[PDB]
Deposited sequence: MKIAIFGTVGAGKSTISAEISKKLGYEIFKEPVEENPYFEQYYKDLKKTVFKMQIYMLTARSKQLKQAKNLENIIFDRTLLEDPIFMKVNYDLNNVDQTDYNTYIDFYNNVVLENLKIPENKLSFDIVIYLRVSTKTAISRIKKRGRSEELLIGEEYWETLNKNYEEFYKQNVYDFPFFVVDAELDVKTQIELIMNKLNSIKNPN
């Protein structure tokens, strides 16, 4: 049983996956923000840091997968699907030029490129996510303007909508109480 957990910053992936974990007894794949050495300067100056950051992320996510395929039962807090989403956001915002974007996408498919039983999309409005970053995120995520969070969220919907038929997506209203979200996830899991 392999469970991807899917959604923007402050959707509540760590919360939801930690809860699933307690209930099922599975480990969480969690690229920990506290070990990422780019994160601290990242938001202070997006133009300079993003490319390198996005590269570090593929490296980190790909290294975990050399350990994830050993195990029958996993929970993924974010997947390798979601990483290109972050690069596209910065591109639409003119924070990484065309060339640097082409390099990544080209790269992503012909260098980097994984079969989830379910992809749980924690669907959430940007307001809630923004306040959940304030409540539960980190120091650094407070630094950048909110337009960034709006485009990211818009780009998550966009991604779900392009790929809805290609992945075993299951949408959870992430506006709901955590208890009710977990209840909904457990019943879907029990039925597969």
| task | Take the full deposited sequence, match it to the modelled residues, and report the stretches without C-alphas. | result | 114 to 122, 202 to 205
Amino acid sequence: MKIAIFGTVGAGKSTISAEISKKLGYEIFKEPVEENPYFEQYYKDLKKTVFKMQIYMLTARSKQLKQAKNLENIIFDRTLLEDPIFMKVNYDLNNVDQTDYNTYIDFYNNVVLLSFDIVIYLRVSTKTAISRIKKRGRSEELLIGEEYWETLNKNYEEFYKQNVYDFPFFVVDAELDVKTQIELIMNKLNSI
From here on, numbers count along this sequence of modelled residues.
| task | Going by the average Cα B-factor in the PDB entry, point out whether 68 to 76 or 90 to 98 comes out higher. | result | 68 to 76
| said: Per the record, averaged over C-alpha atoms, which has the higher B-factor: 132 to 140 or 46 to 54? | reply: 132 to 140
| request: Using the B-factor values recorded in the entry, state whether the Cα atom of residue 185 falls in the lowest, middle or highest third among the modelled residues of its chain. | output: middle
| query | Would the CA B-factor of residue 146 place it in the lowest, middle or highest third of its chain? | reply | highest
| By the record's CA B-factor, is residue 41 among the lowest, middle or highest third of residues in the chain? | lowest
| query | Lowest, middle or highest third of the chain for the C-alpha temperature factor of residue 118? | reply | lowest
| request: Sorting the chain's modelled residues by C-alpha B-factor, tell me whether residue 164 ends up in the lowest, middle or highest third. | output: lowest
